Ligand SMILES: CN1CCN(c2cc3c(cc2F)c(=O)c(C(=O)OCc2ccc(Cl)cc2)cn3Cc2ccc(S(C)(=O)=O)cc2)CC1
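A single chain comes next, written as structure tokens; it is the form solved without the ligand.
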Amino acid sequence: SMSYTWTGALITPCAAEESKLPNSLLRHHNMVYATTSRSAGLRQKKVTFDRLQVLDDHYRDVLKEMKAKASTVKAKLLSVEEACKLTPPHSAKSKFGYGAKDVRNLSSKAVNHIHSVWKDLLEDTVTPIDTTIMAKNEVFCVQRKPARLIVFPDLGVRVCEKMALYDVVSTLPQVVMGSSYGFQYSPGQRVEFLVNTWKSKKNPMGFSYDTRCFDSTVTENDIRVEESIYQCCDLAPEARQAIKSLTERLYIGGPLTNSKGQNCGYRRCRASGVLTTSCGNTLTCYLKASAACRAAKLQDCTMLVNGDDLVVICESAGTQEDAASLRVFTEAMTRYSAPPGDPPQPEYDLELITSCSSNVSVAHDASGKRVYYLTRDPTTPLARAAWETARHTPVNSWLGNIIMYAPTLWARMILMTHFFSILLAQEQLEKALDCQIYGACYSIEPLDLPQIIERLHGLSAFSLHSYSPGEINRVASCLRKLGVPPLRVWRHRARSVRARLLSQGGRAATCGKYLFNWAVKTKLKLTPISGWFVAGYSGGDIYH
């Protein structure tokens, strides 16, 4: 079928959509842009085509292996009270006369409605359910992306999603997929897995496979296979009924309706703004790739999967032979409706492989021992930091990034230094800030950062010193390209920040002592002092 059919109704905005950036961080402001519904049609073209699927015994075997592990899972129904408490405080309100604030408080109005929606789910398993469609505002650096299309149902339905399925998507994918399940590893844990599975091959080869508009390539068949998997779990008969109804009424497809309530069309592939999306894309990406591997006779594969992001490390057969089997792999994925973006390519250096927009690099700790940490090209982080210091937003990529990439040269000298400069300058150190980790929203106290970092990265994250040339180039170029003060200017800024912090005692002096010990010259002796990196929730409207 066609992934999407369109009525002609525009995909419409909610309020003003700033495309441009209104400075000590970055000079070239005309390189930072934000996507708008103005880019919607261009995206619409990219994301709509017919889908021709052809399976094979490799698909059917993997799926059978998958359903057998899924059968050892037992999942429970979530109470209204529990489902409500998971909803973010600024989650889009209901078109039925209540908001997320009402939900969280267990207002009897929201809750009675949620009940009514669950009752309807149990009685009617056919009638398509209504979704809103929207162009996302995401910031990028120039060199030019169309807005991505977020699709999601009403708040009432979402609390029901949570009820029927939150426990299943928190638990199942780990069991089905074991060590390939990306979202069980914190970044340190993900480096360890990548580094160890690389060391464990005689003669290693690795490729990342970027799939062309994944959400579009997910067929209605795919989303039913996905249900059949969820159903293998041991379940309440009421949860099974709800799960059947939600996939048939919502996950498979339904009507698109814009901000002004006009009919925009109809969708027959993955919706980005539902609870099953991460789990679904992960199970569906793991199934197809695992099969493509077998088709292409790849030797002794370990895979890592986070939604639609794929990395395979395997045993090389030779540079010719590798290049070749990769083309078979690609043909296999295409048959499975998971065609390629940039075509994939063998690497023989872990450092050059990029997965989850990120890669492994090494540097050295206090005593001189070699140490592997996760990193990434810092362009989107700086961009968004630039953006986020300019216009106020209640999202803070900067803080999530400081957490994910704490050991990195850039997060320490640029992000840490900058925002701590602002937090001190505005006396806003004690304030909780909300940030995204694997699509879930956590409320974090910036002053806690030292412990947080100690527990996810160890003390060496406060003392890492000889970063690799290739990484130092990436960073310094990124800074020239974006017009950001070179690294020597931050060292001097960071000495100021560190000192002001040190004077305030308590957790503020501990931030200063630990976060900025890289910047002193004579270093202090740095001694010691979560359900976070468990599962992927992007799109699923989750708050802990």
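The term rigid core refers to the maximal set of C-alpha atoms that superpose within 1.5 Å between the two forms. Note that residue numbering follows the sequence shown and begins at 1.
A fit on the rigid core, followed by a root mean square over CA positions in 4 other deposited structures of this protein, ranks 418 to 426 against 437 to 445 and picks 437 to 445 as the more shifted one.
Structural divergence in 4 other deposited structures of this protein between 451 to 459 and 239 to 247: following superposition by the core, 451 to 459 has C-alpha atoms lying farther from the shown form. The modelled chain breaks after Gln143 and resumes at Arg144, leaving 4 to 9 residues of the deposited sequence without coordinates.
The stretch of deposited sequence separating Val520 from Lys521 contains no residues lacking coordinates in this entry. Looking at mean Cα B-factors across 493 to 501 and 51 to 59, the upper value is held by 51 to 59.
Looking at 345 to 353 and 389 to 397 together, the entry lists the larger mean B-factor for 389 to 397, computed on C-alpha atoms. Comparing the listed residues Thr171, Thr125, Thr408, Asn263, the entry records the largest Cα B-factor for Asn263. Note on the listed residues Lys95, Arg294, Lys369, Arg158: the highest Cα temperature factor in the record is that of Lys369.
In the PDB entry, a CA B factor belonging to the middle third of its chain's modelled residues is recorded for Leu515. In the PDB entry, a CA B factor belonging to the middle third of its chain's modelled residues is recorded for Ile422. The PDB entry assigns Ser200 a C-alpha temperature factor belonging to the lowest third of its chain's modelled residues. In the deposited entry, the Cα temperature factor of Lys67 sits in the bottom third of values across the chain's modelled residues.
In this PDB entry, the Cα temperature factor of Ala317 sits in the bottom third of its chain's modelled residues, the lowest group.
The following text describes the form deposited with the ligand bound, which does not appear among the structures shown.
The partner is absent here; in the entry with it bound, the one residue of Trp198, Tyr467, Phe207, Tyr98 having a heavy atom within 4.5 Å of the ligand is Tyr467.
Think of it this way: in the entry with it bound, the ligand has a heavy atom of just one of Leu246, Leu409, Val371, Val176 within 4.5 Å, and the residue is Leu409. The ligand is not drawn, but in the entry with it bound it has no heavy atom within 4.5 Å of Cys293. The ligand is not shown here, and in the entry with it bound it never comes within 4.5 Å of any heavy atom of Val54. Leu487 belongs to the set of residues with a heavy atom inside 4.5 Å of the ligand in the entry with it bound. Of the heavy atoms in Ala499, none are within 4.5 Å of the ligand in the entry with it bound.
For the ligand in the entry with it bound, the listed stretch (63 to 71, 39 to 47, 501 to 509, 473 to 481) containing residues with heavy atoms inside 4.5 Å is 473 to 481.
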